[PDB]
Amino acid sequence: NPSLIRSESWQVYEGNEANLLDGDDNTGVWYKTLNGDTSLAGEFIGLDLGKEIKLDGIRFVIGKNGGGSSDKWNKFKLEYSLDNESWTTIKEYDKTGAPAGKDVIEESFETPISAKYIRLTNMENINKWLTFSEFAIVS
Ligand SMILES: CC(=O)N[C@@H]1[C@@H](O[C@@H]2O[C@H](CO)[C@@H](O)[C@H](O)[C@H]2NC(C)=O)[C@@H](O)[C@@H](CO)O[C@H]1O
Ligand SMILES: [Ca+2]
């Protein structure tokens with residue numbers, strides 16, 4: 001199965017990282033950010049797929065309920081890689097000001113996408129910690 005990859009500096013405050021791969025939207029994780037409680041643009045969380053595969057879509061749930069429900073990136077991108085070094089942006093998002101809580105990011109790739117790594121990546125500094133609930137691919 002895909003394995004979790006994320007910015008090394010984050011620390012788990014609540015929940016467990018395996019909660020991001022259990023297929024349940026109601027289990028997630030609350031990451032403490034360093035740099036003065038700030039997630040820098042360019043930080044990320046996503047999946048190492050173990051080998052190059054053809055993806056038909058993703059379903060990533062960001063945020064969670066209760067604690068840290070408001071702790072989410074405002075601007076971010078979905079990007080993929082063959083080698084964990086060079087990245088291609090599938091799509092960008094700006095959800096500045098959106099309600100706190102779980103937010104399902106679900107995409108279908110009309111033309112399947114060949115990737116070994118797929119992740120969500122911060123595009124703007126934010127003075128928040130971070131919550132997420134689930135990362136899944138469709139292939
Ligand atoms: C455990 C705790 O309360 N830590 C304080 C920390 O709180 C975090 O601030 C982030 C930025 O406002 C916010 O996104 C987090 O949700 C929040 N965490 C919690 C659990 O409330 C900060 O307030 C810093 C600096 O004041 O102090 C920490 O102790
Ligand atoms: Ca979960």
# chains A, B, ... in the order shown; residues from 1 in each chain; ligands from 1
>>> select_by_dssp(residues="stretch 22-79 of chain A", states="helix (DSSP H, G or I)", output="list in words")
residues 34, 35, 36 and 37 of chain A
>>> write_last_selection(atoms="N, CA and C atoms", output="compact mmCIF listing (two decimals), in the first residue's frame")
# COMPACT_ATOMS: atom_id res chain seq x y z
N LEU A 34 6.74 24.04 13.63
CA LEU A 34 7.79 24.84 14.25
C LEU A 34 7.86 26.17 13.53
N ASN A 35 9.04 26.81 13.54
CA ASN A 35 9.21 28.13 12.87
C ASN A 35 8.22 29.16 13.41
N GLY A 36 7.96 29.08 14.71
CA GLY A 36 7.00 29.95 15.37
C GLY A 36 5.56 29.63 15.00
N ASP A 37 5.19 28.35 15.10
CA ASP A 37 3.83 27.85 14.73
C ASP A 37 3.43 28.27 13.31
>>> residues_around(residues="residue A:67", least_positions_apart="3", cutoff="10 Å", atoms="only C-alpha atoms", output="number ranges by chain")
A: 14, 29-30, 63-64, 70-71, 101, 131
>>> select_by_dssp(residues="chain A", states="strand (DSSP E or B)", output="NGL selection string")
:A and (3-6 or 11-15 or 29-32 or 39 or 44-62 or 75-81 or 88-94 or 103-122 or 126 or 130-138)
>>> closest_residue(among="A:90, A:3, A:112, A:54", to="residue A:22", atoms="only C-alpha atoms")
A:3
>>> closest_residue(among="A:110, A:55, A:33, A:15", to="ligand 1", atoms="only C-alpha atoms and all ligand atoms")
A:33
>>> closest_residue(among="A:75, A:102, A:119, A:51", to="ligand 2", atoms="only C-alpha atoms and all ligand atoms")
A:102
>>> closest_atom_pairs(of="chain A", to="ligand 2", cutoff="6 Å", atoms="only C-alpha atoms and all ligand atoms", output="tab-separated table")
residue	atom	partner	partner_atom_place_in_ligand_line	distance
A:19	CA	ligand 2	1 (Ca)	4.3
A:20	CA	ligand 2	1 (Ca)	4.4
A:21	CA	ligand 2	1 (Ca)	6.0
A:22	CA	ligand 2	1 (Ca)	5.2
A:23	CA	ligand 2	1 (Ca)	5.6
A:24	CA	ligand 2	1 (Ca)	4.2
A:25	CA	ligand 2	1 (Ca)	4.7
A:26	CA	ligand 2	1 (Ca)	5.8
A:27	CA	ligand 2	1 (Ca)	3.9
A:28	CA	ligand 2	1 (Ca)	4.8
A:133	CA	ligand 2	1 (Ca)	4.4
A:134	CA	ligand 2	1 (Ca)	4.4
>>> residues_near_ligand(ligand="ligand 1", cutoff="7 Å", atoms="only C-alpha atoms and all ligand atoms", output="PDB file with N, CA and C atoms, in the first residue's frame")
ATOM      1  N   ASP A  37       5.189  28.350  15.095  1.00  0.00           N
ATOM      2  CA  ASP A  37       3.826  27.851  14.730  1.00  0.00           C
ATOM      3  C   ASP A  37       3.434  28.269  13.313  1.00  0.00           C
ATOM      4  N   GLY A  68      -8.169  21.790  16.413  1.00  0.00           N
ATOM      5  CA  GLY A  68      -7.437  22.160  15.205  1.00  0.00           C
ATOM      6  C   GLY A  68      -8.220  22.117  13.905  1.00  0.00           C
ATOM      7  N   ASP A  71      -7.159  24.644  11.594  1.00  0.00           N
ATOM      8  CA  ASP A  71      -5.706  24.570  11.320  1.00  0.00           C
ATOM      9  C   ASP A  71      -5.437  23.933   9.976  1.00  0.00           C
ATOM     10  N   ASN A 127       0.552  31.007   9.793  1.00  0.00           N
ATOM     11  CA  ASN A 127       0.877  30.900  11.213  1.00  0.00           C
ATOM     12  C   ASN A 127      -0.082  29.978  11.958  1.00  0.00           C
ATOM     13  N   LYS A 128      -0.199  28.750  11.465  1.00  0.00           N
ATOM     14  CA  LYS A 128      -1.041  27.736  12.070  1.00  0.00           C
ATOM     15  C   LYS A 128      -0.336  26.398  12.182  1.00  0.00           C
ATOM     16  N   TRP A 129      -0.750  25.596  13.134  1.00  0.00           N
ATOM     17  CA  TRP A 129      -0.516  24.152  13.105  1.00  0.00           C
ATOM     18  C   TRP A 129      -1.394  23.556  12.017  1.00  0.00           C
ATOM     19  N   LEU A 130      -1.435  22.227  11.917  1.00  0.00           N
ATOM     20  CA  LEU A 130      -2.067  21.569  10.760  1.00  0.00           C
ATOM     21  C   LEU A 130      -2.819  20.297  11.097  1.00  0.00           C
TER      22      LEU A 130
END
>>> closest_residue(among="A:18, A:123, A:115, A:82", to="residue A:94", atoms="only C-alpha atoms")
A:123
>>> residues_around(residues="residue A:40", least_positions_apart="3", cutoff="8 Å", atoms="only C-alpha atoms", output="short mmCIF file (atom, residue, chain, number, x, y, z; two decimals) with C-alpha atoms, in the first residue's frame")
data_model
loop_
_atom_site.label_atom_id
_atom_site.label_comp_id
_atom_site.auth_asym_id
_atom_site.auth_seq_id
_atom_site.Cartn_x
_atom_site.Cartn_y
_atom_site.Cartn_z
CA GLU A 43 5.82 22.12 3.12
CA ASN A 122 1.58 24.58 0.94
CA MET A 123 1.80 27.65 -1.33
CA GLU A 124 1.67 30.44 1.34
CA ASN A 125 3.13 30.91 4.81
CA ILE A 126 0.53 30.35 7.46
#
>>> atom_distance(atom1="atom CA of residue A:88", atom2="atom CA of residue A:31")
25.4 Å
>>> closest_residue(among="A:16, A:74, A:1, A:139", to="residue A:62", atoms="only C-alpha atoms")
A:74
>>> closest_residue(among="A:60, A:93, A:13, A:73", to="residue A:32", atoms="only C-alpha atoms")
A:13
>>> residues_around(residues="residue A:47", least_positions_apart="6", cutoff="8 Å", atoms="only C-alpha atoms", output="VMD selection string")
chain A and resid 2 to 5 117 to 119 135
>>> write_last_selection(atoms="N, CA and C atoms", output="PDB file, in the first residue's frame")
ATOM      1  N   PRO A   2       0.268   2.431  -0.415  1.00  0.00           N
ATOM      2  CA  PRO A   2       1.039   3.699  -0.372  1.00  0.00           C
ATOM      3  C   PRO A   2       1.532   4.027   1.034  1.00  0.00           C
ATOM      4  N   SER A   3       2.720   4.632   1.157  1.00  0.00           N
ATOM      5  CA  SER A   3       3.176   5.083   2.478  1.00  0.00           C
ATOM      6  C   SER A   3       3.139   6.611   2.655  1.00  0.00           C
ATOM      7  N   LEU A   4       2.925   7.065   3.898  1.00  0.00           N
ATOM      8  CA  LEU A   4       2.864   8.486   4.209  1.00  0.00           C
ATOM      9  C   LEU A   4       4.231   9.182   4.063  1.00  0.00           C
ATOM     10  N   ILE A   5       4.214  10.362   3.432  1.00  0.00           N
ATOM     11  CA  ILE A   5       5.382  11.221   3.376  1.00  0.00           C
ATOM     12  C   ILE A   5       4.911  12.600   3.761  1.00  0.00           C
ATOM     13  N   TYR A 117       5.006   9.486  -6.596  1.00  0.00           N
ATOM     14  CA  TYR A 117       4.723  10.294  -5.413  1.00  0.00           C
ATOM     15  C   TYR A 117       3.616  11.258  -5.770  1.00  0.00           C
ATOM     16  N   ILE A 118       2.641  11.394  -4.883  1.00  0.00           N
ATOM     17  CA  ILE A 118       1.634  12.432  -5.054  1.00  0.00           C
ATOM     18  C   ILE A 118       1.345  13.081  -3.703  1.00  0.00           C
ATOM     19  N   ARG A 119       1.344  14.418  -3.685  1.00  0.00           N
ATOM     20  CA  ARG A 119       1.213  15.166  -2.454  1.00  0.00           C
ATOM     21  C   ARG A 119       0.496  16.540  -2.563  1.00  0.00           C
ATOM     22  N   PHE A 135      -5.640  10.282   3.230  1.00  0.00           N
ATOM     23  CA  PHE A 135      -5.025  10.346   1.909  1.00  0.00           C
ATOM     24  C   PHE A 135      -5.207   9.038   1.150  1.00  0.00           C
TER      25      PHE A 135
END
>>> atom_distance(atom1="atom CA of residue A:45", atom2="atom CA of residue A:65")
18.8 Å
>>> residues_around(residues="residue A:121", least_positions_apart="2", cutoff="6 Å", atoms="only C-alpha atoms", output="PyMOL selection string")
chain A and resi 42-44+76-77
